[PDB]
Amino acid sequence: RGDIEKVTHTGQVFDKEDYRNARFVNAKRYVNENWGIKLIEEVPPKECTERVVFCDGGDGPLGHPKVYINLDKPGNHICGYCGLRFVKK
Amino acid sequence: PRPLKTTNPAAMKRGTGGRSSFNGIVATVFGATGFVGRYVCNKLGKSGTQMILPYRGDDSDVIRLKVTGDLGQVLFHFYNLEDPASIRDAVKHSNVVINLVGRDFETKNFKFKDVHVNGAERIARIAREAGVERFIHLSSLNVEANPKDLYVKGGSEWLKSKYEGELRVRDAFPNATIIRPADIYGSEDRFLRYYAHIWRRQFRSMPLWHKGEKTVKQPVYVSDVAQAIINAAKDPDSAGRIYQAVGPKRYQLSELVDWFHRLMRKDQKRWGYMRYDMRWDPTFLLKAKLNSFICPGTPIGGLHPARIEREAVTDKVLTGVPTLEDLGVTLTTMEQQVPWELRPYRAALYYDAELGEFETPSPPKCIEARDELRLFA
Amino acid sequence: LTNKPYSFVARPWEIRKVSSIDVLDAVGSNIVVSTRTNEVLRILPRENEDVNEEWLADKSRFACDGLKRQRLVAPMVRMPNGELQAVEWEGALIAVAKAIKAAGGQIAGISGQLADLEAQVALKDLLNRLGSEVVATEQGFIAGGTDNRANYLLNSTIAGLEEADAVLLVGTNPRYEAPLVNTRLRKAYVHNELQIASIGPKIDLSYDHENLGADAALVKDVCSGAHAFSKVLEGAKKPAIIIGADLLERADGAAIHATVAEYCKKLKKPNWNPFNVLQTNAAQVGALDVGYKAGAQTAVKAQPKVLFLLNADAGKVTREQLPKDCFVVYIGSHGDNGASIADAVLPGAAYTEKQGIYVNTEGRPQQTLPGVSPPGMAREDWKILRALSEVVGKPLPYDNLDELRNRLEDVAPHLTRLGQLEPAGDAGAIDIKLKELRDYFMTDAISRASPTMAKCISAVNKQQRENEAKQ
Amino acid sequence: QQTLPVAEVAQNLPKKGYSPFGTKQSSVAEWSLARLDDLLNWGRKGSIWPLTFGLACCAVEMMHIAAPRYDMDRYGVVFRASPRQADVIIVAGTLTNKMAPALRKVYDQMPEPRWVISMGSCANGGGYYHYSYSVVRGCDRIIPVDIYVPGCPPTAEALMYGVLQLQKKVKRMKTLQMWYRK
Amino acid sequence: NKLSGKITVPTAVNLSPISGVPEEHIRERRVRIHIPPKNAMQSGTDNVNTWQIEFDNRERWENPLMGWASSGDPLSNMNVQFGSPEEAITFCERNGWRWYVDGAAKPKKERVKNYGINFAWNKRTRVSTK
Amino acid sequence: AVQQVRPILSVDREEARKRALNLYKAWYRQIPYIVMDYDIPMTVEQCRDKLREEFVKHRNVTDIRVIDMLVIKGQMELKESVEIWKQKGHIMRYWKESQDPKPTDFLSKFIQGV
Ligand SMILES: NC(=O)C1=CN([C@@H]2O[C@H](COP(=O)(O)OP(=O)(O)OC[C@H]3O[C@@H](n4cnc5c(N)ncnc54)[C@H](OP(=O)(O)O)[C@@H]3O)[C@@H](O)[C@H]2O)C=CC1
Ligand code: SF4
Ligand SMILES: [Zn+2]
């Protein structure tokens, strides 16, 4: 069965000869289908003008605490909390 | 230098001993819902061992075994002896397998052959293909290549099947450990329930072959058998070695039954125990035959004739064949165990007579080698 | 600013603190191993200003990851195929006891550098039962001068180093041989006008130092007192002369030591012994106080049929260099290259996992504490030897740590007065390793085992390449 | 993990049958034994009699279920006091060491087929007192638990939902049908 | 000839049997009287003014099921505080344990810590920057 | 190193033995009743034997006060067994039959882990 084959995004598969496989002979090995790494990758990097932007990730008090991210560096800048991505250029 | 099988530290022995310390043993226990399965599994759980407990009855029959281990230590796997696919699945990840399968009587879905030898070899072949390090089997101590009945003609099939099971299991598995007990006495046991149950008794006159005075029995206690199983499972150097599992002191069936009835308070004034000759009375056999023919499940009190032949058969040990002492297992004697064991069945506290002050049941007396040679002349 | 490796891993409230001592350098700095659920997450300095100074080098700080990779987790025995398959403790020790008994009483034991004194003493006692006194240490030392305690220590009281006034480092780079000692000197250089000369090759001590050359003839002329810095040494009130143990094992250096001790006679000021020896391994001083020989080649020259190796993963011994028939047993934790050349490989619990006694450079003995359960079948080193003895049939008397700690008390009461330092009084070209950080990071098996150190080596090499190419 | 079918899939599918065994039996004996199991399970399912052990805090919910808001005798459930006449035991509250032998004794004095519901966290895994010197960590270590009702306490709805889940387990139990194979 | 039945008895009364601790722990475990270590990246020091005792680590494996940190060793978390080591040794004896003190530290030697040295005409201690 | 302190019960070591042996009387005399009352495997001789060893459990008690308390515990446990407050599990507790005597010699310890 594929359930006990899938690689958890955390990065675990029971070895092919590992007795802890036995626990799934009769129950499914739940593995989630949304991997945050892929999803945030898909989200495009927002861009702004000001040297310093602010993110709360979510909205109002439904997101993470307000954080200010400077963009003067050439590259992207990833929000510490939500993983949103910023680029000033 | 004994090699190792796995190099994954998660799959490797650890802990301080107990319900949590994983012992590096993963076992399937075929026939776990039995007289000896309970004792084996409880011992294995005490070690902190992973169990797979295959079962063919309703899981409710086995749910009690869940109490024997910490979380995830016990899994129940529905199978059937007639489904090799299921057995393969049950043994793939296993490290050891124990074959506690086998009835005392015959069924409608199984004749002694198909359940007692043909099934066993299938299990062993599947186990061997699965690459299972250790395999264990049980075979009665009285096993003979050419059984001869003693009182009733068609009553030695169990013995024939037992020999067949041993040889073919050894054929299909290079080095399995075939432990060999006989007449294991314990709680919820064929042995003591049989000698206690009513149908076994006539009016007040237990019928015994040759008055039970031409029989030598050496029963052993169930836990000591179980404790042997685990100790020989932990050790792989026991592999490929039969073991005659017997108790400390042989006995004469007359000594036992009299002591039993003394323990049960069955002999004070009125209950009036007597011992017949089973040959004299021709009624006991009919009871067995009818009781077999009528009961759909296990016959009442295990009265089927095969049990009757078993009591008749003597217990022939042999030297060289290793023993429990070789397995490092101390053996609680009957004198320590049986009194408490039969305490539930004590009865007969008449108003007409005296009680309480009756002495503690004076124990029985063993039978020595020359004294045996007197018995058999 | 925060640890890149110990990043996001655990919170201080969750974690558990275990006092301990660093072992990767002979400073023996005090450590607080920050364990959480059988995982050594990080390392912190424990304030012991007599020794530790509350700082801590990068090696001790970051190499903790080395204790999670290349670990030995199963006894192994070399088959006719030769692959060293995994086996169990029964067969392993029984096989080892077989070889020892039938080898023919020609045995040696070479102690590595991460072996605690208990492992040394257990090793020695067993081999004295077997009748073999060939018990060497990897890092060789003075011939015929190993007897007076002050010949292999920092008699100058590492705390007292900061009090030093004129320091002479003969080819002994502290900045990569004892960084904690180095910063103590810099504190002197900043607060007491420490006159720091050098009689070795080029190095940088993070501060000015007078380089008088490299040739070993310079130490002799100075010891006679024929050079300007020698006059400075004379005029000082706390002179110190530091000689690196490598040089003392280089070659014909016992003469160098003898002259150095000769001059220290006059330099001695009351309550102050100038002579200084920056030990490198954390077990060398342990070896001296138990009475080993020095020099792995010494043990090879004995021509033993069997060999013992307390986690001795230095290349100083190679089976080619060994007798061909020499049976080889390795009793160490990390499966490093030196472990790779043994026919029997017994796992061992690393220093954080085992309770042992380490004599630091200056000489105080200090006790590690176990913070993490060892992996696999790994056991304590002094337990492996004890089991093997009783398997052979020459049992040692010490079945418990205290029994063993009393056996050490017999050998050296000074050596069990933990936390104290008994005084020893009187004491008795040049090219050196670890003259650059690139040399420094890769020193020991744990160091090579660690992933972060490997990243550090690459990062420094790349910045150098930038200097070449960014140009 | 699986998920319910969608509207059109339901449209294709037929009635889900009543006896969970189904109606695919081959021979007369099979078909007959299927019905007798169905009748037995129907009896044991419709009428179930808790023992009302109810040690603590959880017990209050064990009473609210008897209360008239989420009526339980509506389902055929009655609180018989005597364990000889009680068919099910809702162990609820903490199991202290003084109680452990008592629970064991009460359990096996009850005749089978006996099912145990471990209500509340205190019984499930020792709950909030798990690291205590006097509490049985869980009740799995004394008796064979059948259904776990998480909660502290479980809201009454949760408890009697679990009861229905026990009814489903009582519905699908195979005793005669599979004795035939035995 | 009495003061409400007062008696003369030795001050050091071992209480191992009355205590209730199993002899296994008493006979295989030590105690490590010390002062709790000062956290490296802190600066307040009002949690290392007490003398503390605890018991050596025994073992920790991981639960096969869920990969927790199982531990079948009771006195693993045990931790008690005292005002002075001699008090703790007195306590530890009365409960019949094996112990070995761990000397905390000598009194801090005064450091001059002058401000002017940052700016000196001759001494090396002139600060490079501010 | 002496302290002038209160008593509990016994003022001299001999009174302590007098109290201690009184307890031994109650326990010896009780054993048969518990064999009857408590349906447990144990027999009179074994119960008597354990009672002997369990006093030997602490032979080298010295302080008058400590031995007094040990007796105080015993008088309690006596009453809890005299009357049947205890349970068959509780009374058997003195044997510790659930766990096998763990290995003791160094190899068995070594080969079976810490
Ligand atoms: N006094 C004795 O019984 C003796 C014991 N032995 C041997 O030891 C073993 C254990 O003895 P004991 O427990 O008393 O015997 P039991 O009659 O109690 O058998 C116990 C187990 O055997 C299982 N069993 C029987 N037939 C089958 C089958 N076709 N398929 C699957 N399981 C089956 C049963 O499964 P389920 O209950 O679920 O139907 C049961 O769980 C036996 O095999 C016996 O040969 C040897 C000497 C004497
Ligand atoms: S689980 Fe919650 S509701 Fe139930 S007894 Fe415990 S604390 Fe009370
Ligand atoms: Zn954000």
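Select from the range A:26-39 the residues that are not in a loop (DSSP other than H, G, I, E, B) and not charged (D, E, K, R) and write down the one among them that is nearest to ligand 2 (Cβ to nearest atom). Full working, then the answer.
Taking the range A:26-39 and keeping what is not in a loop (DSSP other than H, G, I, E, B), we get A:36-39.
Applying the additional criterion that residues be not charged (D, E, K, R) yields A:36-37, A:39.
On the way: A:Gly36: 34, A:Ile37: 38, A:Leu39: 38 Å.
Looking at residues that are not in a loop (DSSP other than H, G, I, E, B) and not charged (D, E, K, R), I get A:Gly36.
Looking only at the range C:33-75, filter to residues that are facing chain E (nearest Cβ under 9 Å), assigned to a loop (DSSP other than H, G, I, E, B) and in contact with a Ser or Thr (Cβ under 7 Å, 6 or more places away or on another chain); which one of those is surrounded by the fewest Cβ atoms within 10 Å (Cβ to Cβ)?
Filtering first and then ranking leaves C:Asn38.
Please enumerate the residues belonging to the range A:40-70 that are more than 14 Å from ligand 3 (Cβ to nearest atom) and either part of a loop (DSSP other than H, G, I, E, B) or hydroxyl-bearing (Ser, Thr, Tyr) (or both).
A:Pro44, A:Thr49, A:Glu50, A:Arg51
This table checks each residue for (1) touching a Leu at 6+ places or on another chain (Cβ under 9 Å); (2) surrounded by fewer than 20 Cβ atoms within 10 Å (Cβ to Cβ); (3) of a type in the set (A, V, I, L, M, F, W, C).
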residue: B:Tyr251; (1), (2), (3): no, no, no
residue: B:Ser254; (1), (2), (3): yes, yes, no
residue: B:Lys269; (1), (2), (3): no, yes, no
residue: B:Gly272; (1), (2), (3): no, yes, no
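Considering the range C:354-365 alone, what residues qualify as being within 24 Å of C:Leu309 (Cβ to Cβ) and crowded, with 22+ Cβ neighbours inside 10 Å?
Of everything in the range C:354-365, those that are within 24 Å of C:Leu309 (Cβ to Cβ) and crowded, with 22+ Cβ neighbours inside 10 Å turn out to be C:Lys354, C:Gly356, C:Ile357, C:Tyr358, C:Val359, C:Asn360, C:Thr361, C:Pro365.
Using beta carbons and a limit of 7 Å, which pairs, at least six apart or on different chains, have the first residue in the range A:64-82 and within 14 Å of another protein chain (Cβ to nearest Cβ) and the second one of a type in the set (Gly, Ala, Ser) and more than 16 Å from ligand 1 (Cβ to nearest atom)?
Once the first residue is within 14 Å of another protein chain (Cβ to nearest Cβ) and sits in the range A:64-82, its partners that are of a type in the set (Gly, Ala, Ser) and more than 16 Å from ligand 1 (Cβ to nearest atom) give A:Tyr81/A:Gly57.
Give the residue, chosen from E:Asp102, E:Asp46, that is under 12 Å from the mean Cα position of the chain (by Cα) and more than 14 Å from chain B (Cβ to nearest Cβ).
Numbers: E:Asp46 fails: under 12 Å from the mean Cα position of the chain (by Cα).
It is E:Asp102.
Does D:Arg84 meet the test of being more than 14 Å from chain F (Cβ to nearest Cβ), more than 16 Å from ligand 2 (Cβ to nearest atom), surrounded by 14 or more Cβ atoms within 10 Å (Cβ to Cβ) and farther than 14 Å from D:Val136 by Cβ?
Details: more than 14 Å from chain F (Cβ to nearest Cβ): yes; more than 16 Å from ligand 2 (Cβ to nearest atom): yes; surrounded by 14 or more Cβ atoms within 10 Å (Cβ to Cβ): no; farther than 14 Å from D:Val136 by Cβ: yes.
No; evaluated as a whole, the condition is false for this residue.
Conditions: (1) among the hydroxyl-bearing types (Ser, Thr, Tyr); (2) over 25 Å from E:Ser19 (Cα atoms); (3) under 14 Å from the mean Cα position of the chain (by Cα). F:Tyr38 meets all but one. Number of the miss?
The number of the failed condition is (3).
Wholly within the range C:105-219, which helices (runs of 4 or more DSSP H) include no fewer than the required count, namely at least 3 residues that are basic (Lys, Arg)? Even if it seems obvious, please write down each step before you answer.
On the way: elements: C:117-130, C:158-161, C:174-177, C:179-191.
By residue number, C:179-191.
Within the range C:30-54, track down each residue that is hydrophobic (A, V, I, L, M, F, W, C) and in contact with a strand residue (DSSP E or B) (Cβ under 6 Å, 6 or more places away or on another chain). Before the answer, list the steps.
Filtering the range C:30-54 down to residues hydrophobic (A, V, I, L, M, F, W, C) leaves C:31-33, C:40-41, C:43-44, C:51.
Across the range C:30-54, the qualifying residues are C:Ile31, C:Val32, C:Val33, C:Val40, C:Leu41, C:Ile43, C:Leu44.
Mind counting the residues in the range B:19-34 that are more than 15 Å from ligand 1 (Cβ to nearest atom) and in contact with a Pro (Cβ under 6 Å, 6 or more places away or on another chain)? Walk me through how you get there before you give the answer.
So in the range B:19-34, the residues more than 15 Å from ligand 1 (Cβ to nearest atom) come out as B:19-27.
Still in the list and also in contact with a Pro (Cβ under 6 Å, 6 or more places away or on another chain): B:22.
Count: 1.
One residue is enough: does the range B:128-150 have a residue meeting the conditions more than 15 Å from ligand 1 (Cβ to nearest atom), in a loop (DSSP other than H, G, I, E, B) and basic (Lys, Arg)?
Here is the first cut: in the range B:128-150, the ones more than 15 Å from ligand 1 (Cβ to nearest atom) are B:128-134, B:145-146, B:148-150.
Next, from what is left, pick out any that are in a loop (DSSP other than H, G, I, E, B): B:131-133, B:145-146, B:148-150.
From what's left, basic (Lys, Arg): B:148.
Yes, some residue in the range B:128-150 is more than 15 Å from ligand 1 (Cβ to nearest atom), in a loop (DSSP other than H, G, I, E, B) and basic (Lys, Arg).
Among the residues of the range C:192-207, are any among the acidic types (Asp, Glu), surrounded by fewer than 18 Cβ atoms within 10 Å (Cβ to Cβ) and in contact with a helix residue (DSSP H, G or I) (Cβ under 8 Å, 6 or more places away or on another chain)? Outline the logic, then answer.
Residues of the range C:192-207 among the acidic types (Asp, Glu): C:193, C:204.
Among the residues that remain, those that are also surrounded by fewer than 18 Cβ atoms within 10 Å (Cβ to Cβ) are: C:193, C:204.
This time we only want the ones that are in contact with a helix residue (DSSP H, G or I) (Cβ under 8 Å, 6 or more places away or on another chain), so: C:204.
Among the residues of the range C:192-207, at least one is among the acidic types (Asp, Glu), surrounded by fewer than 18 Cβ atoms within 10 Å (Cβ to Cβ) and in contact with a helix residue (DSSP H, G or I) (Cβ under 8 Å, 6 or more places away or on another chain), which makes the answer yes.
Which of the residues that make up the range C:147-162 are touching a helix residue (DSSP H, G or I) at 6+ places or on another chain (Cβ under 7 Å) and more than 16 Å from C:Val359 (Cα to Cα)? Give the derivation first.
As a first pass, look at the range C:147-162 and keep what is touching a helix residue (DSSP H, G or I) at 6+ places or on another chain (Cβ under 7 Å): C:152-153, C:158, C:161-162.
Answer for the range C:147-162, where residues must be touching a helix residue (DSSP H, G or I) at 6+ places or on another chain (Cβ under 7 Å) and more than 16 Å from C:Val359 (Cα to Cα): C:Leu161, C:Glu162.
Might you let me know whether the range D:99-109 holds any residue that is of a type outside the set (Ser, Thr, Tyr), more than 14 Å from chain F (Cβ to nearest Cβ) and away from ligand 1 (no atom under 16 Å from the Cβ)? Talk me through it step by step, then tell me what you get.
If we filter the range D:99-109 for residues that are of a type outside the set (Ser, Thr, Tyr), which is where we start, we get D:99-106, D:108-109.
After this cut, where a residue has to be more than 14 Å from chain F (Cβ to nearest Cβ) as well, the list is D:109.
Now narrow it down to the ones that are away from ligand 1 (no atom under 16 Å from the Cβ): D:109.
For the range D:99-109, residues of a type outside the set (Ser, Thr, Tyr), more than 14 Å from chain F (Cβ to nearest Cβ) and away from ligand 1 (no atom under 16 Å from the Cβ): present.
For F:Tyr33, only one of the following conditions fails: (1) of a type in the set (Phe, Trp, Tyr); (2) more than 12 Å from every other protein chain (Cβ to nearest Cβ); (3) closer than 30 Å to E:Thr8 by Cα. What is its number?
All conditions are met except number (3).
Restricting attention to the range F:28-45, which residues are acidic (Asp, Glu) and in contact with a helix residue (DSSP H, G or I) (Cβ under 7 Å, 6 or more places away or on another chain)? Working first, answer last.
Narrowing the range F:28-45 to residues acidic (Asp, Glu): F:37, F:39, F:45.
Answer for the range F:28-45, where residues must be acidic (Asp, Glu) and in contact with a helix residue (DSSP H, G or I) (Cβ under 7 Å, 6 or more places away or on another chain): just F:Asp39.
Take the range A:47-89 and flag every residue that is among the basic types (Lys, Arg) and either within 16 Å of ligand 1 (Cβ to nearest atom) or surrounded by 11 or more Cβ atoms within 10 Å (Cβ to Cβ) (or both).
In the first step, residues of the range A:47-89 are kept if they are among the basic types (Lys, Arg); the result is A:51, A:66, A:73, A:85, A:88-89.
Once the filter is applied, which keeps residues that are among the basic types (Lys, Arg) and either within 16 Å of ligand 1 (Cβ to nearest atom) or surrounded by 11 or more Cβ atoms within 10 Å (Cβ to Cβ) (or both), the range A:47-89 yields A:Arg85, A:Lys88.
Out of the residues in the range B:12-46 that are polar (S, T, N, Q) and either within 16 Å of ligand 2 (Cβ to nearest atom) or surrounded by fewer than 24 Cβ atoms within 10 Å (Cβ to Cβ) (or both), which is nearest to the chain's Cα centre (by Cα)? Even if it seems obvious, please write down each step before you answer.
To start, the set of residues in the range B:12-46 that are polar (S, T, N, Q) comprises B:16, B:20-21, B:23, B:28, B:33, B:42.
Still in the list and also either within 16 Å of ligand 2 (Cβ to nearest atom) or surrounded by fewer than 24 Cβ atoms within 10 Å (Cβ to Cβ) (or both): B:16, B:20-21, B:23, B:33, B:42.
Working: B:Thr16: 31, B:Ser20: 29, B:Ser21: 29, B:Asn23: 25, B:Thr33: 13, B:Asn42: 16 Å.
Across the range B:12-46, the extreme among qualifying residues is B:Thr33.
In this structure, is D:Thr23 among the β-branched types (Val, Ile, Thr), over 30 Å from D:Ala156 (Cβ atoms) and away from ligand 3 (no atom under 16 Å from the Cβ)? Reasoning before the result, please.
On the way: among the β-branched types (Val, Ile, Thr): yes; over 30 Å from D:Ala156 (Cβ atoms): yes; away from ligand 3 (no atom under 16 Å from the Cβ): yes.
Yes; evaluated as a whole, the condition is true for this residue.
Are there any pairs, at least 6 apart or on different chains, whose C-beta atoms fall under 8 Å, with the first in the range E:4-21 and within 7 Å of chain F (Cβ to nearest Cβ) and the second part of a loop (DSSP other than H, G, I, E, B) and of a type in the set (A, V, I, L, M), and if so, which?
Listed pairs, sorted by first residue: E:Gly5/F:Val11; E:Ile7/F:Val11; E:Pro10/F:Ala1; E:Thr11/F:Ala1; E:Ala12/F:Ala1; E:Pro17/F:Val61.
Return yes when D:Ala67 is within 14 Å of chain F (Cβ to nearest Cβ), away from ligand 2 (no atom under 12 Å from the Cβ) and of a type in the set (A, V, I, L, M) and no when it is not. Spell out how you get there, then give the answer.
Working: within 14 Å of chain F (Cβ to nearest Cβ): no; away from ligand 2 (no atom under 12 Å from the Cβ): yes; of a type in the set (A, V, I, L, M): yes.
So D:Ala67 fails the test.
Out of the residues in the range B:33-91 that are of a type in the set (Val, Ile, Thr) and in a loop (DSSP other than H, G, I, E, B), state the one that is nearest to the other protein chains (Cβ to nearest Cβ). Give the steps one after another, and end with the answer.
Applying the first criterion (of a type in the set (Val, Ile, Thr)) to the range B:33-91 yields B:33, B:36, B:40, B:49, B:52, B:62-63, B:67-68, B:74, B:87, B:91.
Imposing the further condition that a residue be in a loop (DSSP other than H, G, I, E, B) reduces the set to B:33, B:36, B:49, B:52, B:62.
Numbers: B:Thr33: 11, B:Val36: 19, B:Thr49: 10, B:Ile52: 7, B:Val62: 9 Å.
Selected residue: B:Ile52.
Consider E:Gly67 carefully, then state whether it is within 14 Å of chain B (Cβ to nearest Cβ) and surrounded by fewer than 15 Cβ atoms within 10 Å (Cβ to Cβ).
Numbers: within 14 Å of chain B (Cβ to nearest Cβ): yes; surrounded by fewer than 15 Cβ atoms within 10 Å (Cβ to Cβ): yes.
Yes.
May I ask you to list the residues in the range D:134-158 that are of a type outside the set (A, V, I, L, M, F, W, C) and more than 9 Å from every other protein chain (Cβ to nearest Cβ)?
First, pick out the residues of the range D:134-158 that are of a type outside the set (A, V, I, L, M, F, W, C): D:134, D:137-138, D:140-141, D:144, D:146, D:148, D:150-151, D:153-155, D:157.
Hits for the range D:134-158 are D:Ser134, D:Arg137, D:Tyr148, D:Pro150, D:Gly151, D:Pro153, D:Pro154, D:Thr155, D:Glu157.
From B:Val96, B:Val74, grab the single residue that is among the β-branched types (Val, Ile, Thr), touching a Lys or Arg at 6+ places or on another chain (Cβ under 8 Å), closer than 29 Å to B:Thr323 by Cα and away from ligand 2 (no atom under 16 Å from the Cβ).
Values: B:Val74 fails: closer than 29 Å to B:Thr323 by Cα.
The conditions single out B:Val96.
Because the Cβ atoms are built from the backbone with ideal geometry, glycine has one as well, and the counts that use them run over all protein chains shown. None of the figures in this text is laboratory data; all of them are computed from the coordinates on show.
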